[PDB]
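Contents: one structure, followed by commentary.
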Amino acid sequence: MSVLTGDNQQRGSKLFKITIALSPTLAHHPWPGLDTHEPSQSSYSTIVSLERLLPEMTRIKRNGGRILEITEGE
Amino acid sequence: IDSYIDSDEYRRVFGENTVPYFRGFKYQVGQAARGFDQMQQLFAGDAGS
Amino acid sequence: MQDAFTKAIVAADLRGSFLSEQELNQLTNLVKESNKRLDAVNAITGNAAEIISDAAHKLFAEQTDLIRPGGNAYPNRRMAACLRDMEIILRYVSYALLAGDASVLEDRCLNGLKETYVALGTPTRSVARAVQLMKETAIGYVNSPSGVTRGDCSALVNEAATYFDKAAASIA
Amino acid sequence: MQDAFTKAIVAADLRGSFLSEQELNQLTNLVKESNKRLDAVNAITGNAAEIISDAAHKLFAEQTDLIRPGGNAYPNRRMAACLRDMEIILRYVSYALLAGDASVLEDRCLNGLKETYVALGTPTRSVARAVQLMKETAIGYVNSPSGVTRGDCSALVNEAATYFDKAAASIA
Amino acid sequence: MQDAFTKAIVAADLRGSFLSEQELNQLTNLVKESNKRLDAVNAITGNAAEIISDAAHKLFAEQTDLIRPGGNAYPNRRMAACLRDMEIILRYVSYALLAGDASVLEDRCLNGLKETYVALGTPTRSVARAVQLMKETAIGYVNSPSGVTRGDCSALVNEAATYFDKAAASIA
Amino acid sequence: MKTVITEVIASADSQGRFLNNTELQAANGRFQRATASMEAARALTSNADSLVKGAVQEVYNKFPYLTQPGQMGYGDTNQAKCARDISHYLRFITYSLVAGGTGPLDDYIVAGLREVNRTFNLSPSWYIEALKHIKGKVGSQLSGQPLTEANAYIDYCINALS
Amino acid sequence: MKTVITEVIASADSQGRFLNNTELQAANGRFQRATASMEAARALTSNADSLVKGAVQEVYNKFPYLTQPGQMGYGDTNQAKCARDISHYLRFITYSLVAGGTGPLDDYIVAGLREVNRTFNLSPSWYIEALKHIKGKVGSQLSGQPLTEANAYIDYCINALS
Amino acid sequence: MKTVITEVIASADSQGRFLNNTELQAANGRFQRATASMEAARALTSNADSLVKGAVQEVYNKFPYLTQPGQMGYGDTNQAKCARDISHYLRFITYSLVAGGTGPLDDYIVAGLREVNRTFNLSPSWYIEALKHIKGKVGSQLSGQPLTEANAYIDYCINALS
Amino acid sequence: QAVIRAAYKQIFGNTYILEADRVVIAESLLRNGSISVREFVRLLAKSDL
Amino acid sequence: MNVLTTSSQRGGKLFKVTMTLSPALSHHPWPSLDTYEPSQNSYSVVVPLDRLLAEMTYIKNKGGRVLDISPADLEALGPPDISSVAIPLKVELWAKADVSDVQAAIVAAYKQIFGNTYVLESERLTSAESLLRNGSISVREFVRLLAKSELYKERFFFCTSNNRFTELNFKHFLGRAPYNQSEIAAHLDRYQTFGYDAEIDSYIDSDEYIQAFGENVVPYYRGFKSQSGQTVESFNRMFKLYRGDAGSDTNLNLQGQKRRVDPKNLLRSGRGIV
Ligand SMILES: CCC1=C(C)/C(=C/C2=NC(=C\c3[nH]c(/C=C4\NC(=O)[C@H](C)[C@H]4CC)c(C)c3CCC(=O)O)/C(CCC(=O)O)=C2C)NC1=O
Ligand SMILES: CCC1=C(C)/C(=C/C2=NC(=C\c3[nH]c(/C=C4\NC(=O)[C@H](C)[C@H]4CC)c(C)c3CCC(=O)O)/C(CCC(=O)O)=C2C)NC1=O
Ligand SMILES: CCC1=C(C)/C(=C/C2=NC(=C\c3[nH]c(/C=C4\NC(=O)[C@H](C)[C@H]4CC)c(C)c3CCC(=O)O)/C(CCC(=O)O)=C2C)NC1=O
Ligand SMILES: CCC1=C(C)/C(=C/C2=NC(=C\c3[nH]c(/C=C4\NC(=O)[C@H](C)[C@H]4CC)c(C)c3CCC(=O)O)/C(CCC(=O)O)=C2C)NC1=O
Ligand SMILES: CCC1=C(C)/C(=C/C2=NC(=C\c3[nH]c(/C=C4\NC(=O)[C@H](C)[C@H]4CC)c(C)c3CCC(=O)O)/C(CCC(=O)O)=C2C)NC1=O
Ligand SMILES: CCC1=C(C)/C(=C/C2=NC(=C\c3[nH]c(/C=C4\NC(=O)[C@H](C)[C@H]4CC)c(C)c3CCC(=O)O)/C(CCC(=O)O)=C2C)NC1=O
Ligand SMILES: CCC1=C(C)/C(=C/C2=NC(=C\c3[nH]c(/C=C4\NC(=O)[C@H](C)[C@H]4CC)c(C)c3CCC(=O)O)/C(CCC(=O)O)=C2C)NC1=O
Ligand SMILES: CCC1=C(C)/C(=C/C2=NC(=C\c3[nH]c(/C=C4\NC(=O)[C@H](C)[C@H]4CC)c(C)c3CCC(=O)O)/C(CCC(=O)O)=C2C)NC1=O
Ligand SMILES: CCC1=C(C)/C(=C/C2=NC(=C\c3[nH]c(/C=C4\NC(=O)[C@H](C)[C@H]4CC)c(C)c3CCC(=O)O)/C(CCC(=O)O)=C2C)NC1=O
Ligand SMILES: CCC1=C(C)/C(=C/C2=NC(=C\c3[nH]c(/C=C4\NC(=O)[C@H](C)[C@H]4CC)c(C)c3CCC(=O)O)/C(CCC(=O)O)=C2C)NC1=O
Ligand SMILES: CCC1=C(C)/C(=C/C2=NC(=C\c3[nH]c(/C=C4\NC(=O)[C@H](C)[C@H]4CC)c(C)c3CCC(=O)O)/C(CCC(=O)O)=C2C)NC1=O
Ligand SMILES: CCC1=C(C)/C(=C/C2=NC(=C\c3[nH]c(/C=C4\NC(=O)[C@H](C)[C@H]4CC)c(C)c3CCC(=O)O)/C(CCC(=O)O)=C2C)NC1=O
Ligand SMILES: CCC1=C(C)/C(=C/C2=NC(=C\c3[nH]c(/C=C4\NC(=O)[C@H](C)[C@H]4CC)c(C)c3CCC(=O)O)/C(CCC(=O)O)=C2C)NC1=O
């Protein structure tokens, strides 16, 4: 389950679980048609280390998806 | 046959790009005195083949 | 990641202080018992395969439903996943045992694990039991090894147990 | 990727033409012999492991230097690489045999292979030999299988041989 | 990657042999001098910044063309690249010194380096010189440190020099 | 947090592997080394007070101008925050000594250092000079492998700031 | 090739970093440990001949049927290639002892082991039983930390084969 | 689960494409071949058990030390779990026959096979010999394309175990 | 052409080399550029003519 | 002398050689000073096996430097066939994986990320694969995990220079060759000040990477096709980078892990500063 297992190999310090409403920031299907992503990837839970927290958020917003939540990972 | 082409004297003078030419009629450093007259026997004149 | 020293340091820092003479000597004692600790970690590493195997044989001896169709350790693919998880947990328990702190176990292995298994339909009570069996055999090995100097390893056997017991509790 | 039909089509197109009645019937014959072809490919698939194993046993029987220290099939890591390459080549030969064309073999396997081995210090003549042994045994199986209808498979045995011989030639 | 022991092992294996009593004692001696070795590596680590800085000051003192426009250590971007390379080479020399073998230096730093610099237009003779200056100062530090027990480190100073000299030779 | 113990465990875990003789040999180094490390730690710990006041002053003696009116070595609050900062460094040095690695320094002082110093107009030169001074005095509080350890970590901070 | 020395260097390099006190402490472990390791190595080296013949035989005594005709413990060539193989294992054990890590075992015997054994119809059980026997006899050639080292590596091979 | 139908659909989907004449031709093969497949399936289905008891015994007859005490072909539970295991294989063979592909074999027996067999000390040789025997007897229950199908899948298992 | 016409006269001792006997491959390599004048020579000297 | 035909005459093994000559072998017949042609700065010649020892000795003496020897017949079989990889097959991992859907991904990530070297079974990253199977991480996430692993560090980083590492990195992670000298430099400076790990992240969090692979697609080759903001000469670099289907990244080469893209070649696409 994206119910993070362990530290999810992030190492680092704290783990924040951040969910975003990703658009085709990521996951455009390789298909010929219009840069969609599966329907069930509307919200994308993801666990990142404290050191990598800021960079990721900057490139999420930059590519247009908007953060929906944020909780410390544990 | 290889020995002429692949030798110090041939290589030093004809490089890799010049074509070989008569040099017997001019003093070349290191030749013996008899190079000059001997060359005349070898050469028969421009028609001579 | 923390070890037993790093833990001391974090608590000291939260006071804004150099380590207390209290904490110093607690850590001097850990250094005092460290050869025993190395033998204890070595006991597990040197018998990892048998510890998993023996735990396994016994788990399925008790719970013959897991190896029937419908059961969570059937067919070969699922049994291999179950054997793999037994190894993963034994591995992080040995790491905690070298470290003198449970954090690597809790952070890299136990965190989220129960909810994973429930999502999967993996019976957590059976997984807890497999961990209890690994504990029995692992400690067996910590206590009765090849030509190690004779002495008392009960403190370390307890501590190893709590790591096995953390995992069990966290999962069941 | 080409098969025997696709090859016909490419040559026709380069003329700007619909397939010649010549080419049509050549392809009608390939369809005629296709059950035999399927048995021939099946003969190799069904004995792949033994074909590689038996080739191998015999390669090292002949060339006992490869399994000495200093030799290119020593230690275990290198032997596993050599066993794998035997499988890879047998695999692309079987693909060519289903296809009726060598191109997949030449394009995905043989292209650059010799220069790889020379860079690595892998003795190409030994690799060529391992391929010759796979050929002997593979064809053995194509010719003497389990309850296949009796008939003449020599045309297909030849064609399989040329794929083995292409590989050998390309590598040595 | 090799160290001095690993090197012994590879040569032994190529004979098909357990290590010679010859090789054993050569390695026993390396263990004998290992505290000195640790101090020598520590001498470099503890003064890395100054070693690079001092080498640098002196390189540009000698070669004032590099810091003119048209010069390969001008403008700031290029000077930072040059300072960075000085650090990279000093780093792999210290690794070789801990290892007792040049291989990490040759394989992950020196291999291809000259051809890189020529492609870039970086004057290799100047880079060689910067390496010679790092050597002078680095060895200076290996020989005259903070309250290390007095003894003879000339064997290690030589060996460090050959690593600096390898790099210089490889680059010029 | 980087220690010899965490490093070898990290390397095992990432290859899905039990700790083997390579990794346990490594750990023995860290344990064998603890005595010298911890002697350095105790000496730096009890002298902390004066090591800090010594280094603070030396920052003003080497950068005289810092102590006038309108400057960053003037008034109780600057001079207070300075002592504190050097004290933070010595604290993490002792932690790194006790821990068997640079982890405490890497995680609590090195990660982010330049960004912070740049936003707050803090020159590394001061901090290097504080540390150079601390290094001078620690020459006579310790010797042998405890001094080498103290030095290792002081120098590590100076390189982090250059 | 995995040794304590190569491991710490690898970890430094991959972070673009000079070796620091963490890494040098680790190295000291490997160097402090060399004496016990190398005593094990010398004892295993000179007894090699008999350790190999002892283990070879034990494979036949535990798997009696192997020595009957049509079987893989029959004829000069099988029995010859067996002695050789156990000799390879003892050789790499001594190398791992001398090297300060499992590298020699990992690179020359473990990488590829199962694929090879599976293609050639070699049962790991034999090899485990060869090693279990070698472990029994090495109980009286060594003691203390040399025995622990010998054991560490023998057990490492047995786990590689299970 | 790999069948001709799932394979062509997978290939269409992955190119974002409707099924075309290439893919429907393929499907016709699978449907045209169902009759032979399903005849093999019915024959293998009704003549079933004895195949298991025959192969189980043959494992002990070929590895006599197996049926001796202290061994893994001894006692009701080992011999019971053996019959069961061969029965699992025949079951998945029939499934693969009926399904039109190796999927059932790949998903339920091949994925994980070696790890399991290695942890439990189960030699593939037994299983190969069980299957070689089953292959011998299936020579006279079937013929023509039903036999070829039965063979295809039995051989597929034998290669999975080598 | 200069090199080729010249070479022949110079190395074949001015004997008429007729159109029917040119060494077709000596020159081909020389034109395509694989070989030098020096190895063009070494290839005429070992020719049948 | 350049690009050759044939191998042998009586019989030989032709080797083609390459050097850098002084005006001592080749000079013009001009009135002053001895010079060789500027474009034959490095010259190559194919010599049959016997004449070979004699030729190398001569060349070295009169001043030249041998740059290479390689058999002619290796070098006659062209450039790689690229049909398999002009346009690849994409592999993507779906939301509810199927049990072997996920099997497909792992085998491919391995092949692509590790550059076709064999990863033996003792070797595989099992705990990490566990994670992908349960969905805790995604395909891009997993791809980052392999790169920071020792196996990746060990076959590709530890034993070669940084120039080589970065060039491999582009091939593996991005599927395309490295376009500029700046790219090489920009990367080497990052590794030097933020370490190996930060530097690894920089290809996996890039905008270029994100567009093409998104997050559930295994990185696949894409440099044999025209891309955006790609210099034109990066399509010839791809041939130098990938040597055919049977070629691989291999650190086990006799000569070791080395380059493949000439440093001179990179500069042709532009030189600036920083
Ligand atoms: C797994 C196969 C699959 C499906 C089924 C799929 C659906 C899907 N439809 C989408 C958008 C859309 N779908 C529609 C469809 C409609 N608009 C209408 O008014 C009509 C009622 C209806 C057409 C009948 C529209 C207009 C959008 C764009 C919404 C927007 O961006 O504002 C998106 C967002 C990503 C994108 O715009 O590409 C997804 C993921 N994606 C997939 O990968
Ligand atoms: C889209 C643009 C963007 C923003 C705005 C952003 C915010 C942001 N701030 C963060 C952390 C942080 N932010 C702060 C900020 C503060 N601490 C205080 O005490 C003050 C009240 C405050 C400064 C005024 C601190 C201290 C952390 C680190 C928290 C920790 O790791 O413990 C993190 C976690 C990742 C990281 O540490 O790099 C994010 C994502 N990230 C972005 O990409
Ligand atoms: C083995 C060493 C060696 C010697 C000794 C030598 C002599 C020599 N002197 C020559 C010409 C010559 N030598 C002279 C010399 C003289 N003219 C005078 O009036 C003076 C009396 C005298 C000078 C003292 C002249 C003028 C020529 C050119 C004749 C011509 O081409 O008309 C030539 C014809 C080739 C040439 O012009 O280069 C030879 C071979 N060559 C050699 O290789
Ligand atoms: C390669 C990594 C490494 C290891 C493994 C290591 C082990 C090690 N264990 C030791 C002692 C010992 N080890 C034990 C362990 C035990 N006693 C028992 O009765 C229990 C069965 C077992 C419990 C774990 C005991 C009791 C001693 C003696 C007391 C001591 O030194 O603390 C010693 C001190 C020397 C000796 O007395 O033999 C070493 C060096 N050293 C190392 O560098
Ligand atoms: C396109 C399909 C394909 C082929 C054909 C292929 C060949 C190939 N064989 C290799 C190695 C190898 N190949 C062998 C093979 C042999 N050794 C011997 O002594 C025998 C003569 C021979 C077995 C018959 C060995 C030993 C190596 C390892 C060389 C080394 O690392 O030292 C390598 C280097 C990468 C690696 O080791 O995984 C490649 C790319 N790779 C491919 O992707
Ligand atoms: C599942 C894929 C598939 C396979 C494998 C397949 C095989 C297949 N092989 C056949 C015939 C045959 N197959 C062979 C093959 C051989 N004869 C020999 O003596 C050699 C040992 C061997 C050489 C390869 C022969 C001779 C025939 C009869 C003639 C013919 O139909 O062409 C037939 C026609 C029916 C029959 O006569 O039995 C089929 C359907 N069909 C399929 O759909
Ligand atoms: C944290 C990693 C680590 C280090 C750095 C380490 C150093 C170390 N250096 C030592 C000795 C020494 N070190 C040196 C070094 C030198 N002598 C000179 O005059 C030169 C200036 C310098 C040349 C490099 C000498 C001469 C000795 C005494 C002889 C010996 O023990 O070999 C000793 C033995 C105890 C002693 O005599 O002080 C240790 C433990 N041990 C460790 O675990
Ligand atoms: C560098 C490390 C290394 C190892 C460990 C190694 C194992 C190894 N054992 C082999 C064969 C063998 N191994 C044995 C083993 C035995 N036979 C018996 O009598 C006993 C049951 C048993 C010993 C316990 C036999 C009989 C063969 C011949 C197999 C064959 O070719 O049929 C082969 C095949 C090549 C050959 O025939 O030599 C390898 C590679 N090779 C290596 O390079
Ligand atoms: C769905 C497909 C599937 C397969 C194929 C399968 C194999 C399989 N065989 C097992 C055990 C076993 N397998 C055997 C096999 C045999 N004993 C003998 O008398 C013969 C030598 C041999 C038969 C040829 C034995 C004795 C055990 C018990 C092993 C143990 O627990 O010690 C186990 C361990 C769990 C258990 O004890 O039942 C699995 C998973 N499991 C599956 O789910
Ligand atoms: C400098 C310019 C130049 C001239 C003028 C020249 C003449 C010349 N004529 C030759 C031969 C010849 N020349 C002739 C000519 C004739 N036969 C007859 O019966 C007729 C009377 C006459 C034609 C009108 C013949 C037949 C030969 C060949 C003689 C033989 O080989 O038997 C040869 C011998 C080499 C060869 O055969 O190629 C030379 C050198 N060579 C030159 O390089
Ligand atoms: C096709 C017509 C042709 C050209 C154009 C040519 C260029 C040429 N210039 C050369 C050397 C040279 N060229 C120069 C030129 C210069 N040095 C400077 O500092 C200045 C910037 C520049 C003068 C403006 C120098 C100094 C060398 C000698 C390099 C050396 O040997 O170290 C060489 C090496 C061979 C030799 O030294 O004779 C060639 C081939 N060769 C040719 O055959
Ligand atoms: C951080 C270290 C780590 C852990 C601990 C981990 C657990 C874990 N166990 C899993 C599956 C599994 N785990 C088991 C385990 C069991 N089945 C039983 O019946 C027994 C009670 C038990 C064995 C004792 C089984 C059978 C599955 C497969 C479930 C399925 O796919 O149906 C999965 C799903 C992904 C996969 O199948 O690979 C994860 C993530 N993953 C990790 O990365
Ligand atoms: C494997 C470890 C490793 C090494 C050794 C390495 C060297 C290296 N040095 C480079 C550039 C450079 N190196 C220098 C160095 C110097 N300039 C001078 O004038 C001095 C003589 C000298 C300093 C002593 C300069 C100036 C550049 C930039 C060249 C340019 O872009 O114009 C580059 C191009 C990429 C970049 O600029 O980041 C590499 C790959 N890269 C590596 O990864």
Side-chain angles (χ1 to χ4, degrees), chain D residues 1-12 18-48 51 90-108 135 138-166, chain H residues 2-5 7-8 11 20-40 96-97 100-102 142-153 155-156:
Chain D
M1 186 185 318
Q2 282 181 352
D3 60 39
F5 303 85
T6 278
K7 202 190 192 196
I9 281 141
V10 173
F18 292 78
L19 284 156
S20 55
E21 199 68 290
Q22 196 278 356
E23 287 168 314
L24 272 155
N25 304 345
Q26 307 243 315
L27 295 164
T28 289
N29 194 273
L30 185 153
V31 171
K32 203 202 182 185
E33 299 292 275
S34 34
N35 280 320
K36 287 152 85 174
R37 184 175 294 279
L38 293 175
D39 275 326
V41 170
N42 189 45
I44 291 168
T45 294
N47 297 110
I51 288 160
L90 183 57
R91 186 155 52 80
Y92 288 104
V93 161
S94 69
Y95 299 165
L97 188 57
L98 176 59
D101 197 68
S103 68
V104 75
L105 173 62
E106 270 160 7
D107 290 349
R108 301 195 177 185
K135 173 171 78 156
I139 280 183
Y141 280 106
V142 173
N143 273 329
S144 325
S146 283
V148 186
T149 307
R150 265 274 298 290
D152 193 321
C153 289
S154 59
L156 288 159
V157 160
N158 290 332
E159 181 195 327
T162 65
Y163 304 136
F164 283 105
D165 291 352
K166 269 159 191 121
Chain H
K2 175 160 180 202
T3 77
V4 179
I5 289 172
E7 281 300 287
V8 296
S11 150
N20 68 41
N21 204 237
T22 317
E23 279 94 38
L24 304 181
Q25 251 169 118
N28 175 66
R30 184 280 130 103
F31 295 126
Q32 160 88 49
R33 295 306 176 94
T35 301
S37 281
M38 289 204 41
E39 192 175 344
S96 293
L97 282 162
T102 59
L142 302 169
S143 94
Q145 298 321 287
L147 183 44
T148 291
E149 280 286 296
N151 289 345
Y153 293 108
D155 281 327
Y156 183 86

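Letters go in sequence order (proteins before strands), and every chain restarts at 1.
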Do any N or O atoms from the side chain of [X] and from the backbone of [Y] form a donor-acceptor pair under 3.5 angstrom?
| X | Y | value |
| --- | --- | --- |
| D:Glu106 | D:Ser103 | no |
| D:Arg37 | D:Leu97 | yes |
| D:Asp3 | D:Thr6 | yes |

Next item on the list: Would you indicate whether H:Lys2, at its atom NZ, is surrounded by more than 12 heavy atoms from other residues, nucleotides or ligands within a distance under 6.0 Å?
Entry: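 Result for NZ/H:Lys2: open.
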Notebook entry, point to check: Is the count of non-hydrogen atoms from other residues, nucleotides or ligands lying under 6.0 Å from D:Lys7 atom NZ greater than 12?
Noted result: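 No, NZ of D:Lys7 has 12 or fewer neighbouring heavy atoms, counting only those of other groups under 6.0 Å.
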Next item on the list: Of all the heavy-atom pairs spanning D:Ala4 and D:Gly100, show the shortest one and how long it is.
Entry: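 Reported closest heavy-atom pair: CB-O, 3.5 Å.
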Name each donor-acceptor pair under 3.5 Å that joins a side chain in residues 138-154 of chain D to protein atoms two or more places apart or in another chain, with its distance.
| unit_1 | atom_1 | unit_2 | atom_2 | d |
| --- | --- | --- | --- | --- |
| D:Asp152 | OD1 | D:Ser154 | N | 3.0 |
| D:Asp152 | OD1 | D:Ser154 | OG | 2.6 |

Would you compute the distance between atom [atom1] of [X] and atom [atom2] of [Y] and round it to the nearest 0.5 angstrom?
| X | Y | atom1 | atom2 | answer |
| --- | --- | --- | --- | --- |
| D:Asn42 | H:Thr148 | CG | OG1 | 7.0 Å |
| D:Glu159 | D:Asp101 | CD | CG | 9.0 Å |
| D:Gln26 | D:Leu19 | CD | CG | 11.0 Å |

Margin query: Show, in sequence, the C-alpha distance, side-chain angles and deciding distance for H:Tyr156 and H:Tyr153, and conclude whether the ring-ring contact (aromatic ring centres under 6.0 Å, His included) test is met.
Written below: CA-CA 5 Å; H:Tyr156 183 86; H:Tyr153 293 108; 7.2 Å; no
Residues 25-34 of chain H side chain polar contacts: donor-acceptor under 3.5 Å, at least two apart:
| unit_1 | atom_1 | unit_2 | atom_2 | d |
| --- | --- | --- | --- | --- |
| H:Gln25 | NE2 | H:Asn21 | O | 3.4 |
| H:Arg30 | NH2 | H:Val98 | O | 3.2 |

